[PDB]
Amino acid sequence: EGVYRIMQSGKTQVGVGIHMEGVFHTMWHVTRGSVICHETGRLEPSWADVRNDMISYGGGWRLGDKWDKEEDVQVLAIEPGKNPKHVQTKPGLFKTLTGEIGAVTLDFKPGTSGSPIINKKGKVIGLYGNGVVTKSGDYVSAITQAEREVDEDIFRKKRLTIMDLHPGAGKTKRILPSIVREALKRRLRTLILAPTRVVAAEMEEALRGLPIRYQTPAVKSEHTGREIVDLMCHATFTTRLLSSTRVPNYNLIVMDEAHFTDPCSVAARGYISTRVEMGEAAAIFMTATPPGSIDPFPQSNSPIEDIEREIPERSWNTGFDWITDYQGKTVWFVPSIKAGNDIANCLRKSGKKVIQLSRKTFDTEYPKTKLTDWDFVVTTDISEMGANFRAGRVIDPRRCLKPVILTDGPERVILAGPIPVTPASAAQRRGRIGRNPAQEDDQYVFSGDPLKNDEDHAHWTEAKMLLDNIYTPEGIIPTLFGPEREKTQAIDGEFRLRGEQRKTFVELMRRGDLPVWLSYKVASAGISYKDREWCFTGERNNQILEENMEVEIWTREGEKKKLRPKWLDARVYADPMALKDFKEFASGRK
């Protein structure tokens, strides 16, 4: 501990800070956001205030006391090239409209700012290094100062705890490793569920030193008696529930980003809630936007400037100067990959560096957003799940595409939209910023209002299809999670299959890369997995179009037939990649 100096054609200090209370405290003009090199990792700014010129590195602040009205405050004077020379003074008062705060008049040379000031006796009473020069008076500097691990019941069986954790509340860096630590101390079979693989990797980095075993979906089950915590994705857990009778009866399950509306994730939450009700496990759902929340503008640890204006849907030419004139990094949320490309090109025309993101390109394009410096990141809603960015602005038209099962006539899944996003979605898109403090408040530029009613979303029905197709000790039926239960009127178990149909239904999703609804429609018809004849025997209106032309596929045998599925799912030909995969499937290649 103590008081250290912040140093930079040579080595020379620009300010001073306090290394106490486990935190390092300085001012903005001293650091302007940076890193401090010591054996105790690297210090990063967690909180800041330009209005009062303060920065707290790695947690805090802190500190934090206040001087008496008639107190002789003394100032430490650690200066470049000099020794610490204390100076006792009788402080004054700098009258302001927010209020009058004390101000000492001491002559100190540039680079010594941030030096501690002391109360009558004992602890620190504030920081010195900010003031104003008078034309009459020689000098003055304002006494600057600002105001201002988890429960054990979180492990109790038959209890689900929802932790509304805003980023960054030290969820991944401080909270989760603490929960895993306490779990290991209590000899608990702990399971950790990440939305995506990269998040799981971040967890691995954050859980170094702990017995953590990553679980791949290529493995149906894994076991060791070495008292270890399992770490896997939501979908991995779901598919393991669908493909193995050897699932561990975990007594503590923790799901990160538990707001995920992916069918696998919803089903997962259903099963977990079920196990909790069975009194054999304790659950922890971590999410900034729990299923019982409708706030598009939540509170962040860094100030967010909410701006509302007109946002381009397609390529623009003039009028939107504010988009390109912004000289920081920006995250733009698009409803679809098509719109994403259309925006990305128009952005690159202005000479901007644009990285595009989506579900099938996430694991390969997301690291690019960290290593290389860029100007724009165009993304679908996939970034609402634990995606961290070093940006200052979020552009969010608040529009998305929604899979809907049309039952009017033959059942078919369409992509209704672009449709206004859910309030939770908007909050999560807004949550990409307001993380790390900067002198310029993070800007959330948006358009339109969010819509609550998403009960016609196909993912709920698909989740119901996934849930009741999972074996479990009877008589217990795996139902949807509480808050999400009221979004479908599907009777429990009405999607249950038997034996080979179930196996086919799993293989269609896992090996065929087909959506849940499509896989269910094919499986419950009695069609074998390798049988692809159904991709061609559809109605004339089930013709799939690729770039305004009718698709034609050369079959496995060697015959050309038009791509015309018996059941039409819009998600298999939404983007060229999905259509490529589905064309690979229809050819009997995979």
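Counting begins at 1, following the sequence as shown.
- Coordinates are lacking for 4 to 9 deposited residues between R148 and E149.
- Averaged over their C-alpha atoms, the temperature factors of 203-211 and 188-196 are higher for 203-211.
- For the two regions 84-92 and 396-404, the entry's Cα B-factors average higher over 84-92.
- Sorting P263, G482, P303, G351 by the CA temperature factor given in the entry leaves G351 at the top.
- Between the residues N249, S178, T274, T318, it is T318 that shows the highest Cα B-factor in the PDB record.
- Among all modelled residues in its chain, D342 ranks in the middle third by Cα B-factor.
- In the PDB entry, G22 places in the highest third of its chain by CA B-factor.
- Sort the modelled residues of the chain by CA B factor and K329 lands in the middle third.
- The entry lists a Cα temperature factor for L467 that places it in the middle third of the chain's modelled residues.
- Compared with the other modelled residues of the chain, the Cα B-factor recorded for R240 ranks in the lowest third.
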